[PDB]
Amino acid sequence: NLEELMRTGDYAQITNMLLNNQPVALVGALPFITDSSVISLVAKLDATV
Amino acid sequence: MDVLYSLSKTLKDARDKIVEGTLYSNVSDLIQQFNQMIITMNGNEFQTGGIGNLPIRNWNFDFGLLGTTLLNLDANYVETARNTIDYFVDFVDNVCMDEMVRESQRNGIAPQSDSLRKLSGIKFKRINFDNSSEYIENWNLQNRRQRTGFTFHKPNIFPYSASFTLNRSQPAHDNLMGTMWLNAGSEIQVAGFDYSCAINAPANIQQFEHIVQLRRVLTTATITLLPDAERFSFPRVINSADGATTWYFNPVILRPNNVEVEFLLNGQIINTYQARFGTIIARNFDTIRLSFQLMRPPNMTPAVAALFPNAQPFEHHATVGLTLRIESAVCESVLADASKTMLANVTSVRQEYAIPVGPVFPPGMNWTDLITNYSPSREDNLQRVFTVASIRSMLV
Amino acid sequence: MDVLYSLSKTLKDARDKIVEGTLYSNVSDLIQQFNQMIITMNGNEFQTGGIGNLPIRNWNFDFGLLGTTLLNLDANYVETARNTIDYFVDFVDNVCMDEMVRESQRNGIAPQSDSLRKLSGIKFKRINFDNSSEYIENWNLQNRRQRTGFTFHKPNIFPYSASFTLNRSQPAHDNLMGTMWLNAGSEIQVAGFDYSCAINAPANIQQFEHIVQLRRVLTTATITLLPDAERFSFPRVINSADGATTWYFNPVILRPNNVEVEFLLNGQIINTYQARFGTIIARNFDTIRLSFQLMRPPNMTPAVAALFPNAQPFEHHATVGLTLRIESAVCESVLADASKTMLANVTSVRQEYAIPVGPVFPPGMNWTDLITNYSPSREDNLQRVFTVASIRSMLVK
Amino acid sequence: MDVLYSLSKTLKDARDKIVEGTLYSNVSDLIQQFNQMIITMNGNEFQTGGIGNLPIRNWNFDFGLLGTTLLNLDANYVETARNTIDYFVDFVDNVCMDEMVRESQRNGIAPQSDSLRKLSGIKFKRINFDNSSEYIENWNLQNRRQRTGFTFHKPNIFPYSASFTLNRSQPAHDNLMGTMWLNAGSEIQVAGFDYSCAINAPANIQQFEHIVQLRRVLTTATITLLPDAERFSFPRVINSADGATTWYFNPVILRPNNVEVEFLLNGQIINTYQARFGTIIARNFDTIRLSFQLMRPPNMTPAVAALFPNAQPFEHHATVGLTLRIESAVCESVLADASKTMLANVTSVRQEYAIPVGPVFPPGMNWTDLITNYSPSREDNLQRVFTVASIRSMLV
Amino acid sequence: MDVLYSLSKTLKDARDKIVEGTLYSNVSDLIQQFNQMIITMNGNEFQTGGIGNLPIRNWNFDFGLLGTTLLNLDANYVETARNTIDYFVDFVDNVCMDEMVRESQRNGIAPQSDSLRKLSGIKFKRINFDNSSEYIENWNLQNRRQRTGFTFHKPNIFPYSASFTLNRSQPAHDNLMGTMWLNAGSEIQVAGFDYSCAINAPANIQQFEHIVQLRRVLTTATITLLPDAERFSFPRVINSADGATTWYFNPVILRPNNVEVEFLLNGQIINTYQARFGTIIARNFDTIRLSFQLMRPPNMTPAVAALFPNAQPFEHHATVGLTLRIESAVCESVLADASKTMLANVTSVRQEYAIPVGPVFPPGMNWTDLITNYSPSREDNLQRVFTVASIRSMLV
Amino acid sequence: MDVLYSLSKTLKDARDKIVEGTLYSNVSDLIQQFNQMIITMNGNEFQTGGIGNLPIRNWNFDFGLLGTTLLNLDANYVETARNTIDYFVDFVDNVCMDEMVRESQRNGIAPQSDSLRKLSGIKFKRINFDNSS
Ligand SMILES: [Cl-]
Ligand SMILES: [Zn+2]
Ligand SMILES: [Zn+2]
Ligand SMILES: [Zn+2]
Ligand SMILES: [Zn+2]
Ligand SMILES: [Zn+2]
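Residues numbered from 1 in each chain as written, not as in the entry; some residues may be left out. Chains lettered and ligands numbered in written order. Part of a larger assembly, values for the part shown. Heavy atoms only, no water.

Thoughts on the overall build of chain A
What counts, and what does not: Each helix is a run of DSSP H or I of at least 4 residues and each strand a run of E of at least 2, with the numbering of both proceeding from the N terminus. Exposure is judged per residue with a 1.4 Å probe applied to protein chains only, and the accessible area is read against the type maximum: over 50% gives exposed, under 20% gives buried, and values in between give partly exposed. Surface accessibility in these figures is a Shrake-Rupley result with a 1.4 Å probe; residues are shielded only by whichever protein chains are displayed.
In terms of regular secondary structure, chain A is built from 3 helices and 0 strands. Mapped in sequence order, the helices and strands of chain A form the string α-α-α. Expressed as lengths along the three principal axes of its C-alpha atoms, the size of chain A is roughly 35 × 25 × 15 Å. In chain A, which comprises 49 residues, the share counted as buried stands at 12%. Working note: accessible area of chain A is about 4500 Å², and carbon and sulfur atoms make up 62% of it.

Here we look at the coordination of the zinc ion (ligand 4)
The test is simple: Each metal site is built from N, O and S donor atoms within 2.8 Å (3.2 Å for Na, K and Ca), and since water is not included, such sites may look incomplete.
With distances of 2.0 Å, the protein atoms coordinating the zinc ion (ligand 4) are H153 of chain B (NE2), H153 of chain C (NE2) and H153 of chain D (NE2). In this pair, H153 of chain C is assigned in strand 3 (residues 150–153) and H153 of chain D in strand 3 (residues 150–153), connecting two distinct chains. The same class applies to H153 of chain C as to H153 of chain D, namely buried.

Topic: helix 1 (residues 2–17) of chain F
Helical geometry: 3.6 residues make up each α-helical turn, so side chains three or four residues apart lie on a common side. Residues and elements named next belong to chain F. Inclusion rule: To estimate how far a helix should extend, the number of its residues minus one is multiplied by 1.5 Å. Working rule for contacts: check all heavy atoms of both residues, and any pair within 4.5 Å makes them a contact.
In this model, helix 1 (16 residues) spans 21 Å end to end at C-alpha, consistent with the 22 Å of a helix rising 1.5 Å per residue. Among the residues of helix 1, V3, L4, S6, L7, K9, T10, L11, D13 and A14 are the ones counted as buried. Buried residues belonging to helix 1 abut helix 2 (28–41), helix 3 (75–100) and helix 4 (114–119).

Examining the interface of chain D and chain C
Often the size quoted for an interface is simply the accessible area lost on bringing the parts together. Filter applied, for reference: Accessible area that two parts lose when put together, evaluated with a 1.4 Å probe and summed over both, is termed the buried area. Within this document, salt bridges are pairs made up of a side-chain nitrogen of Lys or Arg and a carboxyl oxygen of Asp or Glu, the two lying within 4 Å of each other. Any pair of nitrogen or oxygen atoms within 3.5 Å is treated as a polar contact; in protein, a donor-acceptor pairing is required on top of that, and neighbouring residues in sequence qualify only through side-chain atoms on both sides. Classification used: nonpolar for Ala, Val, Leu, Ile, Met, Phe, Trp, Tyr, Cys and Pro, charged for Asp, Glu, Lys and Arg, polar for all others including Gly. Being paired, for any two strands, means DSSP has found at least two bridges between them.
Each side of the interface is counted separately: chain D has 54 residues, and chain C has 49 residues. With both sides pooled, the region where chain D packs onto chain C buries about 4300 Å², and carbon together with sulfur makes up 51% of that total. Counting every contact that joins chain D to chain C gives 6 salt bridges. For the interface between chain D and chain C, the tally reads 20 residue pairs in polar contact. Residue composition of the side of chain D that touches chain C, grouped by class: 22 nonpolar, 19 polar and 13 charged. In this structure, strand 8 (residues 236–239) of chain C lies alongside strand 10 (residues 251–254) of chain D, joined through 2 bridges in parallel fashion.

Quick word on the UniProt feature "binding site: Zn(2+)" in chain C
As a reminder of what qualifies: UniProt positions are given in the numbering used here, feature names are shortened, and annotations may be inferred rather than shown by experiment.
The UniProt record marks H153 of chain C with the feature "binding site: Zn(2+)", using the residue numbering of this structure. Looking at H153 of chain C, the relative accessible area reads 5%, which means it is buried. Excluding residues within four positions of it along the chain, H153 of chain C makes contact with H153, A338 and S339 of chain B, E327, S328, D337, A338 and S339 of chain C together with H153 of chain D. There is a polar contact of 3.2 Å between the side chain of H153 of chain C and the side chain of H153 of chain B.

Here it is, written out as structure tokens:
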């Protein structure tokens, strides 16, 4: 839960999962970028955020 | 093993200390250890079972960390923690059961189950913390080749054996001289019998000797000596050595004479007790040598003199007993004893899931066969399963 | 219960750890727990004991907190803490005693004394901290209804019973076939006797059976089985079943034949042991069936043949024994055992203050009566008083 | 004693908790306590041994502190800690052994070894921390003059004594009335015998009594009372009281009548059980009075009637037995029991280094002599050495 | 179980309260609970099992919420609600049936079907609301370790047994003394018969005693005690104990004498009624003891005196009977009774779908075998299935 | 024991040296020790026990210091000192009697009475002076 993560300030679990490439679901109202570029998908820019 | 023990002890401390209304300062360190365990275990896949009727179980860890409270834990915190604790306890119990039912002639001390082998990887060493129980302490000492010590109340060191030796005998079994003993558990009950009451023996003394070879060295042992052997003080019909015939025993009990208990280590006399009954201390030994005597009473009342004629037939047979009871001791090896449940737990787990007999332990984990042939490989495997059983007892 | 246990645990930790010269870092969390206890108890009035000869004690709590500015504990700090600890320990002892002497037919697991009822309020739940003792752990598991476990060395599971059964008998009691047993504590000694030594038996085998029903299920039980029963192996003069006369028992011991120990749960065979002596494991059972045979030895030396004639009179009677000792076991219910002192403590407190016989427990806490009729209400009351006794033993003992 | 115990406890916690991969959060307080112990012990010279064959050993403390900046413990930290832990454990073991082999009559509670007397200085109290073990707890209660309590499983409270008393006797020992008993450890078997089966008794009843004085008060005692004494239920030939002759005993067992066990404190009846067998509770007592009766069976079968004739000779002798086993108790004094090992440890240390007999304890640390004459000075010295042994068992 | 009950209660309330023309204020909270149920169940797939002939069924939930903005419910609202209610009721009924036909030995109180185990997850705890029925209330109280009881009209506490005991008999069965009884359901009929009419009995009184040991404790029990047993009041031809022959019973009914009905708990008399007939109250008991006496009438008119001669043949046999009917009681455990349909529902569901015999219940859910061996595992499974059956009864 | 002995010694020295007409230089150290004793004992409650027929006695200490500033001791000084000394001597005698009638099998060298156990606290160590007997 992104709200709970923001409120606690403890980023140990999220950091450990992002470093170790552990699959996860970040849940919360999020803004998103609509990318219509196929090259962006090939470049894998969605994983760089 | 140390990682599995640390998981189990973390879960035990979580169950005991994470209780509603407790100060967060009472659990801060425990909560940190628990969250470290959650971090290290999350994203790892474990499998248990697949042996006997132990079901195949798959374990996944995708838990969130335990939070914090300003002053005191509330009910919500306890339920949220208890869900995770229950899952982890189930996983640890299953891993322990998987490890208890396996054995290896080679490297019996090493983990045998896949889950425990995975837990021995470097990534899980983070979970390791206080190793304070007796069995885990001895496990670490044995890993370091340091001196191990297990304290047993009434150690199960003597394999069951009810036997006799006839030093003098003949097919009619009416003039017999010999010894009959029961070595069972932590008890020796020996009795030397002479049917003639040492009428023709030199100095009217008959010397009886019993030697018990303990399969492991016992140290700091408290032992009770009692003059009489109640188990061999009543009449009984006893099979022949080959079972071809039965003979008759009709004891009349006389005080054992010149009683001498020798506790020996590697053939060297360590402790000697002469005509001493009650509590004695054997500091370090692997052999017990009980030498006693039947001394014909020089003076007899008419009733006594009647029982012991100058010649046959002998209807009342003189018997001198001796009872030895190891109440407590210390052994460098693991043994079954009256106060613990390790052997019972391992046997129960093996029987419940119908584990087929392996190449290390005797069928059904029978203790008499196991302690009769207590090999170093058997010792390693038994220490492993006993340590896992103690780890499991923390939770189950 | 959890609050009373937490009071006792805090006090024991304070006695053990608040010692002269120790680093404050060794006791910081303990000092916080102790001050939390003081704050929670301050301003509260308690009353303990109006039953039997137990005196009415009134308890008032107005204490200062222990300081936190020290880096090492000095003598004055320890003495003040000891004064507070002494008062609190006296209070906890009295509350435990008041709770141990009471019983309820309805909610025996619930608090009975008014002090523990008051401690069951929300305001006192703050005192609750580590519940690590075996009894309190079992208490908390039982409250949630999780699988409980009590480990007993030599569990006192068999009520005392020395009796006999005669399968063959007659008024002269010179040709008897039957069994005599003592089931006491953790031990069963049984012995089957045939006066004729199975001379006229079907193939010279006399089968004996003994069934012992446990009032509670035992798990993970280490059991020693020895072939002989020394208790029924000497001459005896035994009353008749009606007590009208006495008969004579002159046993001669023969090894038992085809020994079979059966450990059953709900009338289903869990463990079976054939001709196995020494240590055995009964993993889960509530009934023991010991079946053993007296087999007439086909070949006898002249003395043995002289013992057993073809017909009466039978001067020597063939007996086969069995001894069963439960060394350790696990039970989901509280039991008296050799190693613990819970039953002794409860009985001692009840006798010390002349507690009148209640509606739940036997007339004096007799364990044979209790285990003979170990009812669920009795189980609840016994578990409650035993947990209180273990709490008290942390401080008084 | 408290400082020595604290050294041992710090070392044990260091061995258990300073392990590879553990969070520094798990050992932070322990590391602070360990560094405090190093600081306190540094610059201090000690000398142990010099008694018996215990070698003289000189101890110097000049050690560096352990680090505090790690997040998880690694191998280097563990080895650095282990070197110091090994030296300190050796020192503590030697100090404990040096204290265990010494005794004093007037002030045997106080430290006897120069090392422990030096450790009793004020400056060493900085080392002191958690005193949670039963023996150190009782030591601190005793030093504060509070009520002490030791729980014993099968307390060894009865010195060994197999004896008999003949209330009716003749030189031929054919019409004997009396009682024979064994008192051993936690066990009392007694048996009253009448050779005439109380035919000439007033009401055909013979009353037997047995009084056993406990050398210390036992409280909260659980006892098992059984109606037969298997030790005196078989035929035996027994020496005469003067040893001049031997008499014959041929028991036939009848159930004891009007069994009455009284537990007395200072001559006041605390507990009383009549015709009650199985588990009983003696809450506070120092003396046991077992009164039983042999009642002649008014109605006898022809065989039973044949056993007991009107007049002599009496070949079958009527016997009634009682068995009394203390399974658990509480005593304000230290005692040897079946579950602990302090007596064994002290005796082992005294035997291994050939300690000459001192002015306090009996030779060889024999328990029967110790408990027969359990004087306050002996109690002081025994408590001291037992506490030292318990401290030593934490490490060795 | 609480979630399943909550689903059932929500659906029952929806059926009862969502009716055309009703004010929305009459159903506002019900509609809120219904929408909460829909939201919690949406997006979940369930499977009710294929055990026996019960078909495997798959359940999906993608329902929209009910409207909340009308003043009075109309036909459209009721139809829209009914469409969802039918599916939910079918799902609940199938889940209840799947749970009713399953049993476990280790944990019989825990859910057995996968659907109910899924509903025990935290994510469904939102569905939970008012738990007011007797069975769910008892379930929740018992999960809380709280004292709770089921009230039974004519509890079925006595396993069926028609038997007799002959205390005096002979191969020709013409001078018999003994007792006949039927214990069936909530009823006990007992009768003591003497063929000689106590002609040669001490004081011309024959004593009969009948003990019935209840398998569970009953509390606040209302009982009718009548002084005759009409079941054993007419001529009968009765098999023998071994069935070898048949004997003849020709009762003549006399008033029972010294009627004492004791209701005992743990062997202690809780309630005693002497010569009392009609309504009596047994407040708490587990055993019933009926003592009665056949008293030979001291004075007999010639017609009476003809029936009872001084010796055989005895053509008229004097009988005294008692009848004990338990009209109402309370039990900690669940029981079949004359008013509730739980046993009937469970048996019907098990019979309809050809459920094989499990390891817990006897074949056919036979109540006599069930109540004869009312083990703790049987009690747990039986309470679970009875609660599920009561839940199912709310909708089916 | 050393505190009890020091109380007795101070009181005996006061009775022997605080005499009418004596130079203050003869008692200066004695007066200082006596005032130290008064300060240490003031505000402390003592109870001599009721073992046997020994009466239960309660002792309270609220005394003024012995004066300085006299060249030779006069009658007023000696009278005030005598009042204080009499009360203190009665207290010390009762404490000694209470201690003399008690015994313990273990730790019998330690104080047995409550008064002497109280006097064995650190706060009374100030009273301790010359132990010459
Ligand atoms: Cl034991
Ligand atoms: Zn032979
Ligand atoms: Zn009989
Ligand atoms: Zn034991
Ligand atoms: Zn003699
Ligand atoms: Zn018949």
